[PDB]
Each structure stands twice: as structure tokens, then as C-alpha cells.
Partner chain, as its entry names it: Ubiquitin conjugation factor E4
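We begin with a single chain expressed as C-alpha cells, specifically the form deposited without its partner chain.
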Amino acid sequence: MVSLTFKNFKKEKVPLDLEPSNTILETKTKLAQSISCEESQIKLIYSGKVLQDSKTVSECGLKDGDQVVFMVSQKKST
């Protein structure tokens, strides 16, 4: 049970909890349903690194209570 913090450019943190098996794909999905955003626009930055959808918290290097930098991109409205 690892707890993390997703921070954006709005200086706001969105606490979350995942599993070593859960991967960005899912964190992105949830983080999307949490703020009501989409994973297809969200970018998960780890220590200044644009994570991928095929990485697992275990491979991303995320641990318990860590923090993940992120940002939401424009909506399909374009």
C-alpha cells in the first residue's frame, strides 16, 4: 500500500494510493477520474521524466509516500 502525491502547475497535490503491480496506465486513469481528467492527456513526470503507460510503480521507482510530478494537456476540444 504505497501512497503518492500528484502535483501540477497549480501548486496543488492530489494524494493517491497504488500497488507495485499497478502501472501508470492505471494511476493515470484514476488520477483522471479523481480530478475528472483523462489519462490520454495527462503526463506523469517522475523526477522530471515523462513516464510511460507501460511502466509499473515498481519500475517507475515510486515508493510509499513518494510524489509524482504531472500535468494535464488541453482537452479534445481543439
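Positions refer to the first chain, counted from 1.
This protein has a second form, the form solved in complex with its partner chain, left out of what is shown; the following refers to that one.
None of the heavy atoms of residue 34 is located within 4.5 Å of its partner chain in the deposited complex. Under a 4.5 angstroms non-hydrogen atom cutoff, its partner chain in the deposited complex lacks residue 40 among its neighbouring residues.
Among residues of the shown chain, residue 58 is not one whose heavy atoms approach its partner chain to within 4.5 Å in the deposited complex.
The closest non-hydrogen atom of residue 16 lies beyond 4.5 Å of its partner chain in the deposited complex. Shown without its partner, the chain has 47, 48, 49, 50, 52, 67, 69, 71 in segment 46-71 as residues with a non-hydrogen atom within 4.5 angstroms of its partner chain in the deposited complex.
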